[PDB]
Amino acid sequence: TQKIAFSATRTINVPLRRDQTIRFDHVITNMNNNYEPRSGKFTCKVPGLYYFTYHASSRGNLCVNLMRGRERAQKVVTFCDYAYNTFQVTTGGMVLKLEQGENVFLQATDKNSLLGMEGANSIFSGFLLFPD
């Protein structure tokens, strides 16, 4: 019985650079320990179908790339949600079929306004739907 799920928030108070892996350092849930809070990457052990999702608090423009791959990560989608002198919360989500060794993570862009704090959380979660 493979119970694999994780929810981690970003509390790190450091701006994001283009192409940087977005680290969610504070773990709420991490059953099977397939998510690494040090990197911000999930690494598949048990092949199969996973749902990945996140909610990002922001103060201006934000685009995030959802990434997959073993040795070279490639972007699946990009989610952009803009805000002009206001506060926003945005979300993205994806069902992915995953092979063993493949990692999934969120990657920063040009648009890197992201908040991680008490009262304005940014969370990254994922879970197994069905194994192969």
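So that there is no doubt, residue numbering starts at 1 and follows the sequence shown.
Here 65-73 and 87-95 are compared by their mean Cα B-factor, and 65-73 comes out higher. In this crystal structure, the stretch out of 48-56 and 100-108 whose C-alpha atoms carry the higher mean B factor is 100-108. Among the modelled residues of the chain, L114 sits in the highest third by CA temperature factor in this PDB entry. For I123, the recorded CA B-factor ranks within the lowest third of the chain. Only modelled residues enter the ranking.
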